[PDB]
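Report on the following structure.
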Amino acid sequence: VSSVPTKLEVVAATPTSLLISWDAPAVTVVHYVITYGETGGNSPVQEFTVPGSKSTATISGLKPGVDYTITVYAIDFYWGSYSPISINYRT
Amino acid sequence: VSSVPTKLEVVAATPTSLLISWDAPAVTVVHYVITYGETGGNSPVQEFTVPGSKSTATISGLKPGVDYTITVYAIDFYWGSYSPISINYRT
Amino acid sequence: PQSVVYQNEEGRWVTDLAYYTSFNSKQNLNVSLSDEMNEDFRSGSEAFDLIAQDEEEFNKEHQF
Amino acid sequence: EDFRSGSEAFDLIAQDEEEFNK
Amino acid sequence: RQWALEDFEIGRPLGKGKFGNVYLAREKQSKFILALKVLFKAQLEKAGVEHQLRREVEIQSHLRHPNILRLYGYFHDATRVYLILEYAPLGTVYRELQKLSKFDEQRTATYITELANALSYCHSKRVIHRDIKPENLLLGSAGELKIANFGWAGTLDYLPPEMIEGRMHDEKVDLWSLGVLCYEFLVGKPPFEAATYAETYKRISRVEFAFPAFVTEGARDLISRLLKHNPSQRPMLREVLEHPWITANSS
Amino acid sequence: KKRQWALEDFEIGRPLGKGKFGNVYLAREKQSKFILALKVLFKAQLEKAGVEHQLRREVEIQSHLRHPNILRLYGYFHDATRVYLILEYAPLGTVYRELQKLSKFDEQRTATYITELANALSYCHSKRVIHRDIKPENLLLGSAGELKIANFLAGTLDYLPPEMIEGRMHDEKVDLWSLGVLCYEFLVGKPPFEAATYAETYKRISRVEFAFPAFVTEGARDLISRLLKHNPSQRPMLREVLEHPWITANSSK
Ligand SMILES: Nc1ncnc2c1ncn2[C@@H]1O[C@H](COP(=O)(O)OP(=O)(O)O)[C@@H](O)[C@H]1O
Ligand SMILES: Nc1ncnc2c1ncn2[C@@H]1O[C@H](COP(=O)(O)OP(=O)(O)O)[C@@H](O)[C@H]1O
Ligand SMILES: [Mg+2]
């Protein structure tokens with residue numbers, strides 16, 4: 001759906017590292033959770049947290065040439081998580 | 001000043017009766033308490049209520065020849081009478 | 001010596017704070033106010049205007 | 001009775017909110 | 001669960017309240033008939049109601065009873081908050097009373113026994129409602145009573161002495177409210193209603209009320225039992241359900 | 001007779017404060033030259049925030065409470081646009097402001113404050129009144145630096161015991177929870193339970209999950225640990241607080 005954040009782009013990347021970015025949502029956000037894992041490859045999903053002031057996030061130590069799924073969740077103080085956004089990326 | 005209603009006047013008169021009027025107060029009044037007494041004394045003040053929706057009231061049964069003090073009080077639901085307003089009238 | 005009073009649910013005389021209640025006693029204010037502060041006291045017109053000032057200030061800060 | 005779905009529904013709620021302002 | 005508007009189909013308005021609109025709604029799978037309350041974040045934040053709403057949700061969420069209106073979940077977006085709520089075809093008891101003016105003994109006693117049942121459950125879980133009133137009473141498919149709005153003029157008509165006075169209170173506050181509700185049903189106005197906060201407060205603290213002539217010896221007795229100043233002389237909910245007047249007249 | 005209060009009865013001086021709902025001003029009653037605080041609340045905003053009912057009720061409540069550690073209400077009156085409260089003047093401000101200047105309080109100041117409050121609360125309980133807001137921003141300081149409880153998400157939620165956040169039955173023991181949160185907020189500077197989000201804050205309160213910074217004495221830790229118990233029956237009685245070895249070891253009183 002129309003969700004928070006709005007546009008999620010991988011804006012730079014290496015064989016084993018990448019940088020996702022998103023559009024600052026105006027709605028005040030406590031922090032973003034970021035999940036990443038090997039797409040449908042039945043290894044455990046991995047999760048970390050970014051302060052609500054931040055708009056990018058950088059992941060390193062990935063596997064070369066693998067298709068990965070990156071989910072970003074924004075959290076509101078009272079109401080919990082917004083509807084999330086996801087992206088797929090190779091390498 | 002700082003009284004509700006704001007200006008108060010005797011609009012009409014029968015020899016033994018008078019009509020008082022005021023300006024619709026902006027604030028929401030429950031009812032008004034209208035009192036009147038012989039300004040001399042040794043006689044008790046008379047009271048009656050008028051719905052908050054009105055801006056006028058009759059006083060009847062007055063004595064031909066006596067000066068009267070007429071006090072209006074507007075009653076708020078939570079807080080009580082505003083500062084009252086009053087006026088004199090003869091016969 | 002001036003106060004309005006009424007009897008309660010149990011019939012006990014208790015004092016209604018909606019009416020003028022004379023401060024019939026020497027007050028135990030253990031505090032000296034500076035001359036400057038004692039000088040800022042305003043009554044009458046000059047006093048209504050102080051609160052008026054602060055209301056129109058307040059209202060447009062909350063967009064009343 | 002008449003259950004709208006999709007962007008029709010989206011428009012519905014959004015219009016209602018716009019109105020809510022007044 | 002996770003949700004967005006995309007998860008269900010919206011009907012058209014089912015009433016418009018202080019912060020937004022309930023709408024009729026259906027889940028796209030399952031095809032459940034439900035109500036979807038919507039509240040605009042900006043008006044919520046403006047009134048400072050946000051904290052209160054959040055707590056009320058969490059409280060209601062853990063109550064499951066045919067007679068307590070159920071909250072299925074909630075979810076939110078940039079601008080609004082959304083409550084998946086049970087649908088209640090036949091509206092509020094407040095509306096039904098403003099229509100018929102007053103209710104017959106049979107209808108009332110029914111409504112009471114439902115309310116009493118609901119509150120027996122609440123009190124089982126140590127929860128007290130503290131705001132049982134007609135605007136909070138929604139009518140089900142079979143004209144069943146669904147109590148809503150758990151969390152905290154006519155802002156004091158259904159309040160007992162111990163709560164106007166800031167004093168310790170228990171479950172016996174729902175019993176007071178129940179007696180008030182019985183009276184209003186049969187008589188059409190609340191028993192302590194006055195023109196002013198202070199005169200109302202005067203009346204409650206003295207439990208000063210009277211009955212219209214036509215009110216029956218049965219109802220008088222039960223209502224009188226419920227409206228006692230001392231909360232410990234009010235009945236238990238068991239005793240209300242077993243009351244002669246109630247057995248006799250409840251569907 | 002039956003004279004009403006009016007603005008004319010007062011000399012108005014310098015503003016002492018500016019609040020959500022209006023200003024407080026230093027004032028002086030004309031016949032008696034008593035020095036008072038006059039709180040003006042704007043009716044507009046009271047309606048907006050829907051608290052007019054809460055206010056009216058608390059005014060009736062404060063009228064029956066007389067204690068040196070409770071701020072005195074002397075009267076109230078209104079205008080087209082304002083409710084006015086005539087209050088005892090507290091010339092040393094709020095403990096919040098004092099808790100910001102200092103960061104945290106030492107054991108002596110803290111226990112002295114706790115003692116004062118425990119008396120105030122024991123008084124209120126003797127009148128069957130419970131749940132007083134004893135948060136630092138609602139505590140004023142009188143002319144000898146004594147606490148005045150005034151009764152007219154930061155850490156707000158932390159001060160509410162579990163039974164209240166879950167809507168359960170609650171007794172006088174809620175005041176014992178608040179007192180523990182306050183004791184901790186005094187020694188530490190922040191409340192014990194605040195977290196990133198409502199849900200996490202609530203999770204901690206309900207599960208009584210918290211920690212003491214290392215500088216906190218075992219004595220203080222014993223007192224707080226007992227005030228912040230989930231089961232209200234297990235919480236100490238006010239006399240047990242007043243006679244706690246940590247309190248008696250450290251208080252002016
Ligand atoms: N489950 C429901 N079934 C039918 N109507 C409902 C239901 N829930 C709420 N409503 C309607 O929503 C409208 C708003 O009422 P409410 O939810 O109490 O909000 P408010 O207190 O802001 O008016 C009313 O017309 C009420 O009947
Ligand atoms: N009785 C009083 N004596 C002295 N200062 C006071 C008194 N009451 C309030 N103040 C001052 O005025 C400020 C604003 O009043 P406050 O009670 O905080 O308003 P609100 O409840 O609207 O936030 C206080 O923080 C304090 O500095
Ligand atoms: Mg928020």
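Every read-out reported here was derived from the displayed coordinates using simple, explicitly stated rules and does not represent laboratory data. Positions of Cβ are generated from backbone atoms using ideal geometry, with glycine treated the same way; all protein chains shown enter the neighbour counts.
Structure notes:
- Scaled against the 2.2 N^0.38 Å expected of a compact globular protein of N residues, the Cα radius of gyration of chain C reads 1.77.
- Label positions at A:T71 and E:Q43, each projected 7 Å from the Cα along the C-beta direction, are separated by 3.3 nm.
- 10 Å Cβ neighbours from other chains, averaged over peptide A:3-10: 1
- Set F:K2/F:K33; F:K127/F:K190; E:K172/E:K202 screened for pairs whose C-alpha atoms are more than 29 Å apart: F:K127/F:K190
- Positive minus negative residues near F:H78 (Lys, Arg vs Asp, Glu; Cβ under 9 Å): 0
- Per-residue ³J(HN,Hα) for the range F:33-39, Karplus 6.51 cos²θ - 1.76 cosθ + 1.60, θ = phi - 60°, Hz, x for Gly and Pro: 6, 6, 9, 10, 9, 10, 7
- Taking amide H as placed 1.01 Å from N in the peptide plane, F:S63 has no amide H partner under 5 Å among residues 5 or more places away or on another chain.
- For the range E:179-251, the fraction of C-alpha pairs farther apart than 17 angstrom is 46 percent.
- Alpha-carbon centroids, the range E:1-74 and the range E:96-122: separation in whole Å: 25
- Cβ crowding within 10 Å, taken as a proxy for footprinting-reagent exposure, orders F:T112, C:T15 from fewest neighbours to most as C:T15, F:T112.
- Using θ = phi - 60° and Karplus 6.51 cos²θ - 1.76 cosθ + 1.60, couplings along the range B:48-65 (whole Hz; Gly, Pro as x): 7, 10, 9, x, x, 6, 9, 10, 9, 6, 9, 10, 10, x, 6, 9, x, x
- Label-point separation in nm, E:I33 to B:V10, each point 7 Å along Cα→Cβ: 6.8
- Length-normalised contact order of chain A in % [C-alpha pairs under 8 Å, at least 6 apart]: 35
- In this structure the amide hydrogen of B:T71, modeled in the peptide plane, comes within under 5 Å of the amide hydrogens of B:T35, B:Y36, none closer than 5 places in sequence on its chain.
- With its label point put 7 Å out from Cα toward Cβ, A:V11 sits 7.0 nm from the same residue's point in the other copies, in order from shortest.
- DSSP beta bridges confined to chain E are antiparallel in about 95 percent of cases.
- Here the range C:19-64 and the range B:20-45 have alpha carbon centers that stand 30 Å from each other.
- A simple rule links phi to the HN-Hα coupling: the Karplus curve 6.51 cos²θ - 1.76 cosθ + 1.60 with θ = phi - 60°, which for the range B:74-88 gives 9, 10, 7, 5, 8, 9, x, 4, 5, 4, x, 10, 7, 5, 10 Hz, with x for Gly and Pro.
- FRET efficiency, 1/(1 + (r/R0)^6) with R0 51 Å, evaluated for B:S86 and C:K26 via beta carbons: 0.90
- Counting every pair of alpha carbons in the range E:93-249, the share spaced more than 25 Å apart comes to 23 percent.
- Think of it as helices only: each DSSP H run of n ≥ 4 in chain E is worth -39500 (n - 2.57), and spread over all residues that comes to -11000 deg cm²/dmol at 222 nm.
- Principal semi-axes in Å for the range E:5-86 [√(5λ), Cα gyration tensor, largest first]: 20, 17, 11
- FRET efficiency, 1/(1 + (r/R0)^6) with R0 35 Å, evaluated for E:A248 and B:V33 via beta carbons: 0.15
- Degrees separating the helix C:45-61 axis from the principal Cα axis of chain C, which is the longest one: 70
- Counts of other chain beta carbons within 10 angstrom of each beta carbon in peptide E:125-131 average 3.
- With bins 5 Å wide beginning at 0, the percent of Cα pairs of the range E:22-155 falling in each bin runs 2, 9, 17, 21, 20, 16, 10, 4, 1, 0.
- Rg(Cα) / (2.2 N^0.38 Å) computed for the protein assembly as shown, rounded to two decimals: 1.10
- Mean partner shielding of peptide F:194-207, defined as the number of other chain Cβ atoms within 10 Å of each residue Cβ, is 3.
- Closest-to-axis residue of chain A (Cβ criterion, axis taking A to B), whole Å: A:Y78, 15
- Normalised by residue number, the volume inside the convex hull of the Cα atoms of the range B:41-91 is 104 Å³ per residue.
- Between identical copies, the spacing of B:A24 label points, each set 7 Å from Cα toward the C-beta atom, reads 5.0 nm from nearest to farthest.
- Under 5 Å, built H, 5+ apart or other chain: amide partners of F:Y76: F:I86
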